[PDB]
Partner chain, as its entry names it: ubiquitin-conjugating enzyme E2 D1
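To begin, one chain is listed below as structure tokens, in the form deposited without the partner chain.
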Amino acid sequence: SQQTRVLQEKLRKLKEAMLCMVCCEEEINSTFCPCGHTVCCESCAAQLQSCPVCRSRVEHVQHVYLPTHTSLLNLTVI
């Protein structure tokens, strides 16, 4: 149904938005500090001296737990 398709798309897009913008594989779990952009996994974040979104200097990387990381989700990556 249209209803199921649209809902499935919204869920798909949310899950994709939780993936690292560099490797597109690992979940985002790192915040660039001070700027606050939260777009990389730890391994990809480690290779950046400036934020890829805003180009602010990265003073340090803070580990984070995205609030949408839930066992409710099936978080398959093809």
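Numbering follows the first chain given and starts at 1. Take the two forms, find the largest set of C-alpha atoms that superpose within 1.5 Å, and that set is the rigid core.
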**OP:** With everything overlaid on the rigid core, name the stretch, 60-68 or 9-17, whose CA atoms wander farther on average in 9 other deposited structures of this protein.
**Re:** 60-68
Subject >> Average Cα temperature factor in the PDB entry - higher stretch of 35-43, 22-30 >> reply: 22-30
Original post:
What stretch has the higher average Cα B-factor here, 55-63 or 9-17?
Top reply: 9-17
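There is another form of the same protein, the form deposited with the partner chain bound; it is not shown, and what comes next is about it.
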Original post:
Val58: heavy atom within 4.5 Å of the partner chain in the deposited bound form?
Top reply: no
